[PDB]
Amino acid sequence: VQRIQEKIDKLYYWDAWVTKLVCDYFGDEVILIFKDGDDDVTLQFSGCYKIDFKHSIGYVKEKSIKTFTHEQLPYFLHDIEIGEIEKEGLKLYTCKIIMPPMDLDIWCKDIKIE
């Protein structure tokens, strides 16, 4: 549980801009890319069984995010928290991400940084 969790902390992600957040393949897979200096850190969550993205209603989007420039994107990382749960005998990692102005929760089978 915690090897990956402080392997994430070793990225020194705090306050980093997120450039892409994609949930694909029928919610099997989540891709989060944030910038470390000028480079791209990828977080990849595979084997997902729960994907829950909550955007703050206080932060009203006046156009589709796809037509934002990276200059207009507000999303930045505040806390990534890893955990472990078991549901009907299935053990799953959990990740809760405070990337204001949205909240993310993922129950996945693997987490890997690229």
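Sequential numbering from 1, following the sequence displayed.
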Original post:
Out of 23 to 31 and 36 to 44, which stretch has the higher average CA B-factor listed in the record?
Top reply: 36 to 44
Subject >> Comparing 5 to 13 with 96 to 104, the one whose average Cα B-factor in the PDB entry is higher >> reply: 5 to 13
Original post:
By its CA B factor, does residue 59 count among the lowest, middle or highest third of the modelled residues in the chain?
Top reply: highest
Original post:
Thinking about Cα B factors across the chain, which third does residue 88 belong to?
Top reply: middle
**OP:** Among all modelled residues of this chain, ranked by Cα B factor, put residue 52 in the bottom, middle or top third, i.e. lowest, middle or highest.
**Re:** lowest
